[PDB]
$ cat data-v9.tsv   # TSV, N, CA and C atoms
chain	number	residue	atom	x	y	z
A	1856	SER	N	88.54	100.73	107.77
A	1856	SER	CA	88.60	99.23	107.61
A	1856	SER	C	87.63	98.84	106.53
A	1857	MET	N	87.37	97.53	106.35
A	1857	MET	CA	86.35	97.08	105.35
A	1857	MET	C	84.99	97.71	105.52
A	1858	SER	N	84.53	98.44	104.47
A	1858	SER	CA	83.24	99.13	104.49
A	1858	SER	C	83.15	100.33	105.49
A	1859	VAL	N	84.30	100.80	105.91
A	1859	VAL	CA	84.41	101.95	106.85
A	1859	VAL	C	85.43	102.91	106.34
A	1860	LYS	N	84.95	103.99	105.70
A	1860	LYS	CA	85.86	104.96	105.10
A	1860	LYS	C	85.59	106.40	105.52
A	1861	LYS	N	86.65	107.15	105.75
A	1861	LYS	CA	86.57	108.63	105.82
A	1861	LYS	C	85.93	109.23	104.60
A	1862	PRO	N	85.29	110.40	104.77
A	1862	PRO	CA	84.78	111.08	103.57
A	1862	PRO	C	85.89	111.29	102.46
A	1863	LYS	N	85.48	111.10	101.18
A	1863	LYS	CA	86.41	111.06	100.03
A	1863	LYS	C	86.94	112.48	99.72
A	1864	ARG	N	88.21	112.74	100.01
A	1864	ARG	CA	88.94	113.93	99.50
A	1864	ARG	C	89.04	113.95	97.94
A	1865	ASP	N	88.85	115.14	97.35
A	1865	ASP	CA	88.96	115.30	95.90
A	1865	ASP	C	90.47	115.34	95.57
A	1866	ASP	N	90.96	114.26	94.98
A	1866	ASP	CA	92.39	114.13	94.62
A	1866	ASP	C	92.63	114.37	93.12
A	1867	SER	N	91.63	114.86	92.40
A	1867	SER	CA	91.67	114.96	90.95
A	1867	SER	C	92.64	116.04	90.41
A	1868	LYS	N	92.98	117.03	91.21
A	1868	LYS	CA	93.86	118.13	90.83
A	1868	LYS	C	95.30	117.90	91.37
A	1869	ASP	N	95.52	116.85	92.13
A	1869	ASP	CA	96.84	116.65	92.76
A	1869	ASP	C	97.98	116.63	91.70
A	1870	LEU	N	97.80	115.82	90.66
A	1870	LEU	CA	98.79	115.74	89.60
A	1870	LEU	C	99.20	117.10	89.03
A	1871	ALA	N	98.22	117.91	88.69
A	1871	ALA	CA	98.47	119.23	88.18
A	1871	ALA	C	99.09	120.16	89.17
A	1872	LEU	N	98.66	120.05	90.43
A	1872	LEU	CA	99.19	120.89	91.49
A	1872	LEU	C	100.70	120.54	91.83
A	1873	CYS	N	101.00	119.24	91.87
A	1873	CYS	CA	102.42	118.83	92.08
A	1873	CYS	C	103.31	119.32	90.91
A	1874	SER	N	102.76	119.28	89.70
A	1874	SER	CA	103.48	119.77	88.51
A	1874	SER	C	103.78	121.26	88.65
A	1875	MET	N	102.79	122.05	89.11
A	1875	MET	CA	102.99	123.46	89.34
A	1875	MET	C	104.06	123.75	90.39
A	1876	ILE	N	104.01	123.06	91.51
A	1876	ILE	CA	105.04	123.20	92.55
A	1876	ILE	C	106.42	122.89	91.97
A	1877	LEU	N	106.51	121.79	91.25
A	1877	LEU	CA	107.80	121.37	90.68
A	1877	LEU	C	108.31	122.44	89.71
A	1878	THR	N	107.38	123.03	88.89
A	1878	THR	CA	107.81	124.15	88.04
A	1878	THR	C	108.36	125.31	88.83
A	1879	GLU	N	107.73	125.66	89.95
A	1879	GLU	CA	108.18	126.71	90.78
A	1879	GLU	C	109.60	126.41	91.38
A	1880	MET	N	109.84	125.14	91.76
A	1880	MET	CA	111.14	124.75	92.30
A	1880	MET	C	112.19	124.84	91.15
A	1881	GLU	N	111.86	124.38	89.97
A	1881	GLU	CA	112.75	124.41	88.79
A	1881	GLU	C	113.17	125.81	88.39
A	1882	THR	N	112.35	126.83	88.63
A	1882	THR	CA	112.66	128.15	88.15
A	1882	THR	C	113.26	129.01	89.26
A	1883	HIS	N	113.36	128.49	90.49
A	1883	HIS	CA	113.99	129.20	91.59
A	1883	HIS	C	115.48	129.43	91.22
A	1884	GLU	N	116.01	130.59	91.55
A	1884	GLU	CA	117.42	130.85	91.25
A	1884	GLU	C	118.43	129.93	91.95
A	1885	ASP	N	118.06	129.32	93.06
A	1885	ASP	CA	118.89	128.40	93.79
A	1885	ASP	C	118.65	126.90	93.42
A	1886	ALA	N	117.97	126.64	92.31
A	1886	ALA	CA	117.67	125.28	91.89
A	1886	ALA	C	118.86	124.59	91.20
A	1887	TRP	N	119.82	125.38	90.73
A	1887	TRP	CA	120.92	124.85	89.88
A	1887	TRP	C	121.65	123.61	90.38
A	1888	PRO	N	121.84	123.41	91.71
A	1888	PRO	CA	122.47	122.13	92.12
A	1888	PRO	C	121.63	120.85	91.91
A	1889	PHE	N	120.30	121.05	91.66
A	1889	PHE	CA	119.27	120.01	91.77
A	1889	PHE	C	118.55	119.74	90.44
A	1890	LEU	N	118.88	120.44	89.39
A	1890	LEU	CA	118.13	120.38	88.14
A	1890	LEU	C	118.35	119.09	87.41
A	1891	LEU	N	119.56	118.56	87.47
A	1891	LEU	CA	119.93	117.36	86.75
A	1891	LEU	C	120.59	116.34	87.68
A	1892	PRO	N	120.62	115.05	87.30
A	1892	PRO	CA	121.31	114.08	88.16
A	1892	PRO	C	122.81	114.41	88.34
A	1893	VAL	N	123.29	114.20	89.55
A	1893	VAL	CA	124.72	114.31	89.84
A	1893	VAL	C	125.45	113.33	88.91
A	1894	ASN	N	126.57	113.79	88.30
A	1894	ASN	CA	127.34	112.94	87.36
A	1894	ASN	C	128.20	111.94	88.16
A	1895	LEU	N	127.75	110.70	88.19
A	1895	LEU	CA	128.35	109.67	89.02
A	1895	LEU	C	129.71	109.26	88.51
A	1896	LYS	N	130.02	109.53	87.24
A	1896	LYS	CA	131.40	109.33	86.75
A	1896	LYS	C	132.32	110.45	87.23
A	1897	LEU	N	131.83	111.69	87.35
A	1897	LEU	CA	132.70	112.81	87.61
A	1897	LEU	C	132.74	113.37	88.98
A	1898	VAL	N	131.92	112.86	89.90
A	1898	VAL	CA	131.95	113.31	91.30
A	1898	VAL	C	132.31	112.15	92.21
A	1899	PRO	N	133.61	112.10	92.60
A	1899	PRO	CA	134.06	111.04	93.52
A	1899	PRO	C	133.23	110.94	94.77
A	1900	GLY	N	132.96	109.71	95.19
A	1900	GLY	CA	132.25	109.41	96.43
A	1900	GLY	C	130.73	109.37	96.31
A	1901	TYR	N	130.21	110.07	95.31
A	1901	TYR	CA	128.69	110.21	95.26
A	1901	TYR	C	127.95	108.92	95.08
A	1902	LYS	N	128.42	108.11	94.11
A	1902	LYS	CA	127.77	106.83	93.83
A	1902	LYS	C	127.73	105.90	95.04
A	1903	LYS	N	128.89	105.81	95.73
A	1903	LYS	CA	129.01	104.93	96.90
A	1903	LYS	C	128.24	105.43	98.10
A	1904	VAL	N	128.31	106.73	98.36
A	1904	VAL	CA	127.71	107.28	99.54
A	1904	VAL	C	126.19	107.49	99.44
A	1905	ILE	N	125.72	107.96	98.28
A	1905	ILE	CA	124.28	108.39	98.16
A	1905	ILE	C	123.51	107.23	97.52
A	1906	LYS	N	122.82	106.49	98.35
A	1906	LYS	CA	122.32	105.21	97.92
A	1906	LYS	C	121.13	105.42	96.93
A	1907	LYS	N	120.40	106.55	97.08
A	1907	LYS	CA	119.26	106.79	96.21
A	1907	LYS	C	119.32	108.23	95.63
A	1908	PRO	N	120.08	108.44	94.57
A	1908	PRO	CA	120.19	109.75	93.95
A	1908	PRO	C	118.81	110.21	93.50
A	1909	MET	N	118.55	111.53	93.60
A	1909	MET	CA	117.26	112.09	93.11
A	1909	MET	C	117.54	113.53	92.68
A	1910	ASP	N	116.84	114.01	91.68
A	1910	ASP	CA	117.00	115.39	91.17
A	1910	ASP	C	115.65	115.81	90.53
A	1911	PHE	N	115.54	117.12	90.19
A	1911	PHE	CA	114.25	117.65	89.75
A	1911	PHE	C	113.89	117.08	88.40
A	1912	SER	N	114.87	116.91	87.48
A	1912	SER	CA	114.53	116.33	86.14
A	1912	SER	C	113.98	114.88	86.25
A	1913	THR	N	114.51	114.07	87.17
A	1913	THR	CA	114.06	112.72	87.40
A	1913	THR	C	112.65	112.72	88.04
A	1914	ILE	N	112.40	113.65	88.95
A	1914	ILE	CA	111.04	113.76	89.55
A	1914	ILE	C	110.06	114.13	88.40
A	1915	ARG	N	110.46	115.09	87.56
A	1915	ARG	CA	109.59	115.51	86.39
A	1915	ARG	C	109.23	114.34	85.54
A	1916	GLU	N	110.21	113.52	85.20
A	1916	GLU	CA	109.95	112.34	84.34
A	1916	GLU	C	109.04	111.33	85.04
A	1917	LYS	N	109.26	111.11	86.32
A	1917	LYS	CA	108.42	110.18	87.08
A	1917	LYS	C	106.98	110.74	87.13
A	1918	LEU	N	106.84	112.01	87.43
A	1918	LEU	CA	105.52	112.64	87.54
A	1918	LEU	C	104.77	112.55	86.21
A	1919	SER	N	105.43	112.91	85.11
A	1919	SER	CA	104.82	112.88	83.77
A	1919	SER	C	104.49	111.50	83.21
A	1920	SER	N	104.92	110.45	83.84
A	1920	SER	CA	104.79	109.10	83.37
A	1920	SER	C	104.00	108.22	84.36
A	1921	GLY	N	103.27	108.86	85.27
A	1921	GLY	CA	102.45	108.10	86.24
A	1921	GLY	C	103.14	107.25	87.16
A	1922	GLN	N	104.38	107.62	87.58
A	1922	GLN	CA	105.08	106.77	88.50
A	1922	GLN	C	104.97	107.20	89.99
A	1923	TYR	N	104.22	108.26	90.26
A	1923	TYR	CA	103.85	108.62	91.63
A	1923	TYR	C	102.38	108.12	91.89
A	1924	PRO	N	102.25	107.14	92.81
A	1924	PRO	CA	100.88	106.71	93.12
A	1924	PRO	C	100.08	107.68	93.92
A	1925	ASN	N	100.69	108.60	94.68
A	1925	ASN	CA	99.92	109.57	95.44
A	1925	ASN	C	100.83	110.78	95.77
A	1926	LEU	N	100.26	111.85	96.30
A	1926	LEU	CA	101.08	113.08	96.54
A	1926	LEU	C	102.17	112.84	97.65
A	1927	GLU	N	102.01	111.87	98.56
A	1927	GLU	CA	103.04	111.58	99.54
A	1927	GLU	C	104.33	110.98	98.93
A	1928	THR	N	104.17	110.14	97.90
A	1928	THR	CA	105.36	109.59	97.26
A	1928	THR	C	106.09	110.72	96.52
A	1929	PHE	N	105.39	111.70	95.99
A	1929	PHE	CA	106.03	112.86	95.30
A	1929	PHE	C	106.85	113.66	96.30
A	1930	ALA	N	106.22	113.98	97.42
A	1930	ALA	CA	106.94	114.73	98.51
A	1930	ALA	C	108.18	114.00	99.02
A	1931	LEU	N	108.11	112.67	99.13
A	1931	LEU	CA	109.22	111.86	99.61
A	1931	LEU	C	110.44	112.04	98.65
A	1932	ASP	N	110.19	112.03	97.34
A	1932	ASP	CA	111.29	112.23	96.36
A	1932	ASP	C	111.85	113.66	96.43
A	1933	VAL	N	110.97	114.68	96.58
A	1933	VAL	CA	111.48	116.06	96.66
A	1933	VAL	C	112.37	116.14	97.92
A	1934	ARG	N	111.88	115.60	99.04
A	1934	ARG	CA	112.68	115.66	100.29
A	1934	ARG	C	113.99	114.90	100.17
A	1935	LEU	N	113.99	113.77	99.48
A	1935	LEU	CA	115.21	113.00	99.17
A	1935	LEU	C	116.28	113.82	98.49
A	1936	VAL	N	115.89	114.72	97.57
A	1936	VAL	CA	116.83	115.62	96.93
A	1936	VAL	C	117.57	116.41	98.03
A	1937	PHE	N	116.81	116.98	98.95
A	1937	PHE	CA	117.43	117.83	99.99
A	1937	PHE	C	118.16	117.04	101.08
A	1938	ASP	N	117.70	115.85	101.37
A	1938	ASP	CA	118.39	114.99	102.29
A	1938	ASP	C	119.68	114.50	101.73
A	1939	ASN	N	119.71	114.12	100.45
A	1939	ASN	CA	121.00	113.84	99.77
A	1939	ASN	C	121.97	114.99	99.82
A	1940	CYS	N	121.44	116.20	99.62
A	1940	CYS	CA	122.25	117.41	99.59
A	1940	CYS	C	122.93	117.61	100.95
A	1941	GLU	N	122.17	117.41	101.98
A	1941	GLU	CA	122.71	117.60	103.32
A	1941	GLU	C	123.74	116.51	103.62
A	1942	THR	N	123.53	115.30	103.14
A	1942	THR	CA	124.50	114.24	103.41
A	1942	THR	C	125.88	114.53	102.79
A	1943	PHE	N	125.91	115.14	101.62
A	1943	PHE	CA	127.13	115.29	100.86
A	1943	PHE	C	127.80	116.67	100.95
A	1944	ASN	N	127.07	117.68	101.43
A	1944	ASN	CA	127.57	119.05	101.33
A	1944	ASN	C	127.57	119.70	102.73
A	1945	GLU	N	128.67	120.39	103.01
A	1945	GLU	CA	128.69	121.15	104.25
A	1945	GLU	C	127.56	122.20	104.25
A	1946	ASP	N	127.01	122.45	105.44
A	1946	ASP	CA	126.02	123.57	105.61
A	1946	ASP	C	126.61	124.93	105.16
A	1947	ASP	N	127.91	125.14	105.47
A	1947	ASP	CA	128.56	126.34	105.09
A	1947	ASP	C	129.23	126.21	103.74
A	1948	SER	N	128.42	126.11	102.68
A	1948	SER	CA	128.84	126.06	101.30
A	1948	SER	C	127.68	126.60	100.46
A	1949	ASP	N	127.94	126.99	99.23
A	1949	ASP	CA	126.87	127.50	98.37
A	1949	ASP	C	125.78	126.44	98.15
A	1950	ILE	N	126.20	125.21	97.90
A	1950	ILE	CA	125.25	124.11	97.66
A	1950	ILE	C	124.50	123.75	98.92
A	1951	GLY	N	125.20	123.74	100.06
A	1951	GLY	CA	124.61	123.41	101.33
A	1951	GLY	C	123.50	124.46	101.61
A	1952	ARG	N	123.81	125.74	101.42
A	1952	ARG	CA	122.81	126.81	101.62
A	1952	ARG	C	121.63	126.70	100.63
A	1953	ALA	N	121.95	126.44	99.37
A	1953	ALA	CA	120.92	126.18	98.34
A	1953	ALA	C	119.97	125.14	98.80
A	1954	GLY	N	120.45	124.02	99.32
A	1954	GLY	CA	119.50	122.93	99.77
A	1954	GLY	C	118.58	123.32	100.87
A	1955	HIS	N	119.11	124.09	101.83
A	1955	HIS	CA	118.25	124.58	102.94
A	1955	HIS	C	117.24	125.51	102.44
A	1956	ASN	N	117.62	126.44	101.57
A	1956	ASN	CA	116.69	127.42	100.95
A	1956	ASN	C	115.58	126.77	100.17
A	1957	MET	N	115.96	125.79	99.34
A	1957	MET	CA	114.97	125.11	98.52
A	1957	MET	C	114.03	124.23	99.34
A	1958	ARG	N	114.52	123.58	100.33
A	1958	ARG	CA	113.68	122.81	101.24
A	1958	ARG	C	112.59	123.66	101.92
A	1959	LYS	N	113.03	124.79	102.45
A	1959	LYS	CA	112.03	125.75	102.99
A	1959	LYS	C	111.02	126.25	101.99
A	1960	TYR	N	111.48	126.62	100.78
A	1960	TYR	CA	110.64	127.08	99.72
A	1960	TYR	C	109.61	126.00	99.42
A	1961	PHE	N	110.07	124.74	99.32
A	1961	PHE	CA	109.13	123.65	99.03
A	1961	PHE	C	108.08	123.41	100.12
A	1962	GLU	N	108.51	123.37	101.36
A	1962	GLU	CA	107.69	122.98	102.47
A	1962	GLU	C	106.56	124.03	102.63
A	1963	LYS	N	106.83	125.29	102.32
A	1963	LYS	CA	105.78	126.30	102.38
A	1963	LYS	C	104.76	126.11	101.29
A	1964	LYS	N	105.21	125.92	100.04
A	1964	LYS	CA	104.29	125.62	98.96
A	1964	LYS	C	103.49	124.39	99.24
A	1965	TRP	N	104.11	123.39	99.85
A	1965	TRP	CA	103.43	122.13	100.14
A	1965	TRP	C	102.23	122.36	101.12
A	1966	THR	N	102.53	122.99	102.23
A	1966	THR	CA	101.54	123.35	103.25
A	1966	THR	C	100.47	124.27	102.68
A	1967	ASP	N	100.86	125.31	101.98
A	1967	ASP	CA	99.88	126.20	101.39
A	1967	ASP	C	98.95	125.59	100.34
A	1968	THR	N	99.41	124.57	99.60
A	1968	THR	CA	98.62	124.02	98.51
A	1968	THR	C	97.70	122.92	99.01
A	1969	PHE	N	98.14	122.15	99.99
A	1969	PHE	CA	97.47	120.93	100.40
A	1969	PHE	C	96.97	120.93	101.88
A	1970	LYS	N	97.69	121.56	102.82
A	1970	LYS	CA	97.34	121.52	104.26
A	1970	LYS	C	96.53	122.75	104.72

$ encode --input "data-v9.tsv" --output "structure tokens"
Amino acid sequence: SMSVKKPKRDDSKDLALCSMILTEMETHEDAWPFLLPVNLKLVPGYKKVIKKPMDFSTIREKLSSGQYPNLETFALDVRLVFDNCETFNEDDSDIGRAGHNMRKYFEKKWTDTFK
């Protein structure tokens, strides 16, 4: 509350550390469904159904331009990528499996780097 604060965590490396995680996600062999925005002209249903599209290139641009106020907003966008994937793709499909794989890959890096 006012004049009552927890001891100050060093947040000075967060930006660089999120960039490293994102590089690791970008170079994963199963990243291909997530590298670029879904083409809303060429994929029927996507625009209407997926209210907040997100992909790794868009997270990169947001990260590089100071549009993440803290590491929780970064994680929320990465998770949105995988939540969108699950909404639109059957679990038993190459893309559906890719999303599960990448989500796990991310969540481990997240815990290992910050928790």

$ residues_around --input "data-v9.tsv" --residues "residue 1950 of chain A" --least-positions-apart "4" --cutoff "12 Å" --atoms "only C-alpha atoms" --output "PDB file with N, CA and C atoms, in the frame of the given file"
ATOM      1  N   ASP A1885     118.060 129.320  93.060  1.00  0.00           N
ATOM      2  CA  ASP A1885     118.890 128.400  93.790  1.00  0.00           C
ATOM      3  C   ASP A1885     118.650 126.900  93.420  1.00  0.00           C
ATOM      4  N   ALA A1886     117.970 126.640  92.310  1.00  0.00           N
ATOM      5  CA  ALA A1886     117.670 125.280  91.890  1.00  0.00           C
ATOM      6  C   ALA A1886     118.860 124.590  91.200  1.00  0.00           C
ATOM      7  N   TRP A1887     119.820 125.380  90.730  1.00  0.00           N
ATOM      8  CA  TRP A1887     120.920 124.850  89.880  1.00  0.00           C
ATOM      9  C   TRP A1887     121.650 123.610  90.380  1.00  0.00           C
ATOM     10  N   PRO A1888     121.840 123.410  91.710  1.00  0.00           N
ATOM     11  CA  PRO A1888     122.470 122.130  92.120  1.00  0.00           C
ATOM     12  C   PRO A1888     121.630 120.850  91.910  1.00  0.00           C
ATOM     13  N   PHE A1889     120.300 121.050  91.660  1.00  0.00           N
ATOM     14  CA  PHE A1889     119.270 120.010  91.770  1.00  0.00           C
ATOM     15  C   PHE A1889     118.550 119.740  90.440  1.00  0.00           C
ATOM     16  N   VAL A1936     115.890 114.720  97.570  1.00  0.00           N
ATOM     17  CA  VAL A1936     116.830 115.620  96.930  1.00  0.00           C
ATOM     18  C   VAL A1936     117.570 116.410  98.030  1.00  0.00           C
ATOM     19  N   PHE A1937     116.810 116.980  98.950  1.00  0.00           N
ATOM     20  CA  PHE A1937     117.430 117.830  99.990  1.00  0.00           C
ATOM     21  C   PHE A1937     118.160 117.040 101.080  1.00  0.00           C
ATOM     22  N   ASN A1939     119.710 114.120 100.450  1.00  0.00           N
ATOM     23  CA  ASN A1939     121.000 113.840  99.770  1.00  0.00           C
ATOM     24  C   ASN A1939     121.970 114.990  99.820  1.00  0.00           C
ATOM     25  N   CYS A1940     121.440 116.200  99.620  1.00  0.00           N
ATOM     26  CA  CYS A1940     122.250 117.410  99.590  1.00  0.00           C
ATOM     27  C   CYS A1940     122.930 117.610 100.950  1.00  0.00           C
ATOM     28  N   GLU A1941     122.170 117.410 101.980  1.00  0.00           N
ATOM     29  CA  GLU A1941     122.710 117.600 103.320  1.00  0.00           C
ATOM     30  C   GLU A1941     123.740 116.510 103.620  1.00  0.00           C
ATOM     31  N   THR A1942     123.530 115.300 103.140  1.00  0.00           N
ATOM     32  CA  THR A1942     124.500 114.240 103.410  1.00  0.00           C
ATOM     33  C   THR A1942     125.880 114.530 102.790  1.00  0.00           C
ATOM     34  N   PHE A1943     125.910 115.140 101.620  1.00  0.00           N
ATOM     35  CA  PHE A1943     127.130 115.290 100.860  1.00  0.00           C
ATOM     36  C   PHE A1943     127.800 116.670 100.950  1.00  0.00           C
ATOM     37  N   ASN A1944     127.070 117.680 101.430  1.00  0.00           N
ATOM     38  CA  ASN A1944     127.570 119.050 101.330  1.00  0.00           C
ATOM     39  C   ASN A1944     127.570 119.700 102.730  1.00  0.00           C
ATOM     40  N   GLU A1945     128.670 120.390 103.010  1.00  0.00           N
ATOM     41  CA  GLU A1945     128.690 121.150 104.250  1.00  0.00           C
ATOM     42  C   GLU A1945     127.560 122.200 104.250  1.00  0.00           C
ATOM     43  N   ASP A1946     127.010 122.450 105.440  1.00  0.00           N
ATOM     44  CA  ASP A1946     126.020 123.570 105.610  1.00  0.00           C
ATOM     45  C   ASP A1946     126.610 124.930 105.160  1.00  0.00           C
ATOM     46  N   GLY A1954     120.450 124.020  99.320  1.00  0.00           N
ATOM     47  CA  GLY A1954     119.500 122.930  99.770  1.00  0.00           C
ATOM     48  C   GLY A1954     118.580 123.320 100.870  1.00  0.00           C
ATOM     49  N   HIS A1955     119.110 124.090 101.830  1.00  0.00           N
ATOM     50  CA  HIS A1955     118.250 124.580 102.940  1.00  0.00           C
ATOM     51  C   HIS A1955     117.240 125.510 102.440  1.00  0.00           C
ATOM     52  N   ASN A1956     117.620 126.440 101.570  1.00  0.00           N
ATOM     53  CA  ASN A1956     116.690 127.420 100.950  1.00  0.00           C
ATOM     54  C   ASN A1956     115.580 126.770 100.170  1.00  0.00           C
ATOM     55  N   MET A1957     115.960 125.790  99.340  1.00  0.00           N
ATOM     56  CA  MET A1957     114.970 125.110  98.520  1.00  0.00           C
ATOM     57  C   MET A1957     114.030 124.230  99.340  1.00  0.00           C
TER      58      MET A1957
END

$ closest_residue --input "data-v9.tsv" --among "A:1870, A:1890, A:1859, A:1904" --to "residue 1920 of chain A" --atoms "only C-alpha atoms"
A:1870

$ closest_residue --input "data-v9.tsv" --among "A:1953, A:1914, A:1930, A:1857" --to "residue 1869 of chain A" --atoms "only C-alpha atoms"
A:1930

$ closest_residue --input "data-v9.tsv" --among "A:1963, A:1969, A:1877, A:1858" --to "residue 1915 of chain A" --atoms "only C-alpha atoms"
A:1877

$ residues_around --input "data-v9.tsv" --residues "residue 1908 of chain A" --least-positions-apart "3" --cutoff "9 Å" --atoms "only C-alpha atoms" --output "list in words"
residues 1892, 1893, 1901, 1902, 1905, 1935, 1936 and 1939 of chain A

$ atom_distance --input "data-v9.tsv" --atom1 "atom CA of residue 1933 of chain A" --atom2 "atom CA of residue 1911 of chain A"
7.6 Å

$ closest_residue --input "data-v9.tsv" --among "A:1884, A:1927, A:1895, A:1868" --to "residue 1907 of chain A" --atoms "only C-alpha atoms"
A:1895

$ atom_distance --input "data-v9.tsv" --atom1 "atom C of residue 1874 of chain A" --atom2 "atom CA of residue 1938 of chain A"
20.9 Å

$ atom_distance --input "data-v9.tsv" --atom1 "atom N of residue 1958 of chain A" --atom2 "atom CA of residue 1894 of chain A"
21.1 Å

$ axis_aligned_box --input "data-v9.tsv" --around "segment 1921-1932 of chain A" --padding-each-side "6 Å" --output "JSON"
{"center_x": 105.9, "center_y": 110.7, "center_z": 92.4, "size_x": 23.9, "size_y": 20.0, "size_z": 26.3}

$ closest_residue --input "data-v9.tsv" --among "A:1866, A:1959, A:1910, A:1882" --to "residue 1926 of chain A" --atoms "only C-alpha atoms"
A:1866

$ residues_near_point --input "data-v9.tsv" --point "(101.1, 117.1, 98.6)" --cutoff "10 Å" --atoms "only C-alpha atoms" --output "JSON, numbers by chain"
{"A": [1869, 1870, 1872, 1873, 1876, 1925, 1926, 1927, 1928, 1929, 1930, 1931, 1962, 1964, 1965, 1966, 1967, 1968, 1969, 1970]}

$ closest_residue --input "data-v9.tsv" --among "A:1961, A:1900, A:1947, A:1924" --to "residue 1875 of chain A" --atoms "only C-alpha atoms"
A:1961

$ build_atoms --input "data-v9.tsv" --residues "segment 1908-1921 of chain A" --atoms "N, CA, C and O atoms" --output "short mmCIF file (atom, residue, chain, number, x, y, z; two decimals), in the coordinates of the input"
data_model
loop_
_atom_site.label_atom_id
_atom_site.label_comp_id
_atom_site.auth_asym_id
_atom_site.auth_seq_id
_atom_site.Cartn_x
_atom_site.Cartn_y
_atom_site.Cartn_z
N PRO A 1908 120.08 108.44 94.57
CA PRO A 1908 120.19 109.75 93.95
C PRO A 1908 118.81 110.21 93.50
O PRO A 1908 117.96 109.38 93.09
N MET A 1909 118.55 111.53 93.60
CA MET A 1909 117.26 112.09 93.11
C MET A 1909 117.54 113.53 92.68
O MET A 1909 118.39 114.20 93.31
N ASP A 1910 116.84 114.01 91.68
CA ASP A 1910 117.00 115.39 91.17
C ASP A 1910 115.65 115.81 90.53
O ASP A 1910 114.80 114.96 90.26
N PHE A 1911 115.54 117.12 90.19
CA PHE A 1911 114.25 117.65 89.75
C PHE A 1911 113.89 117.08 88.40
O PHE A 1911 112.72 116.85 88.17
N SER A 1912 114.87 116.91 87.48
CA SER A 1912 114.53 116.33 86.14
C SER A 1912 113.98 114.88 86.25
O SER A 1912 113.02 114.52 85.51
N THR A 1913 114.51 114.07 87.17
CA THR A 1913 114.06 112.72 87.40
C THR A 1913 112.65 112.72 88.04
O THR A 1913 111.73 111.95 87.59
N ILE A 1914 112.40 113.65 88.95
CA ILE A 1914 111.04 113.76 89.55
C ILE A 1914 110.06 114.13 88.40
O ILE A 1914 108.92 113.59 88.38
N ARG A 1915 110.46 115.09 87.56
CA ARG A 1915 109.59 115.51 86.39
C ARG A 1915 109.23 114.34 85.54
O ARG A 1915 108.04 114.17 85.16
N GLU A 1916 110.21 113.52 85.20
CA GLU A 1916 109.95 112.34 84.34
C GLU A 1916 109.04 111.33 85.04
O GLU A 1916 108.12 110.73 84.44
N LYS A 1917 109.26 111.11 86.32
CA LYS A 1917 108.42 110.18 87.08
C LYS A 1917 106.98 110.74 87.13
O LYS A 1917 105.98 109.95 86.99
N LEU A 1918 106.84 112.01 87.43
CA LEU A 1918 105.52 112.64 87.54
C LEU A 1918 104.77 112.55 86.21
O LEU A 1918 103.60 112.20 86.20
N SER A 1919 105.43 112.91 85.11
CA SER A 1919 104.82 112.88 83.77
C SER A 1919 104.49 111.50 83.21
O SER A 1919 103.78 111.40 82.17
N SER A 1920 104.92 110.45 83.84
CA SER A 1920 104.79 109.10 83.37
C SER A 1920 104.00 108.22 84.36
O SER A 1920 104.03 107.00 84.27
N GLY A 1921 103.27 108.86 85.27
CA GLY A 1921 102.45 108.10 86.24
C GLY A 1921 103.14 107.25 87.16
O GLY A 1921 102.60 106.24 87.62
#
